[PDB]
């Protein structure tokens, strides 16, 4: 759980996530989950996007974790695990820049 997850990069900075995601070869939705730099207990979901307006770019979303157990970006849409959250957002874009597609290559 989490650390076993290949999309879990653990303790890497926001800048490092952008370095990895800003690769021209990455299609929209390339992603990774990492620790937040300053929000304790929260993780960050970093996602690549692309459009003709900005071109290749990166968005960061905070994944909150309750002691009650749930994981969520928006409190209205919660999951029993980080894994289920990733699987859901791989199917639904909802408010994200793109549905999660491919785990970010190192």
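Residue numbers count along the first chain shown, from 1. Here the rigid core means the biggest group of C-alpha atoms that line up within 1.5 Å when the two forms are laid on top of each other.
Between 50 to 58 and 28 to 36, the larger root mean square Cα shift in 7 other deposited structures of this protein, once each structure is superposed on the rigid core, falls on 50 to 58. The segment moving more, judged by mean Cα distance from this form in 7 other deposited structures of this protein after a core overlay, is 18 to 26 among 82 to 90 and 18 to 26.
The PDB entry records a higher mean C-alpha B factor for 49 to 57 than for its counterpart among 49 to 57 and 73 to 81. On average the C-alpha atoms of 62 to 70 have higher B-factors than those of the other stretch, with 33 to 41 and 62 to 70 being the two compared. Ranked by C-alpha B-factor against the other modelled residues of its chain, residue 100 falls in the lowest third.
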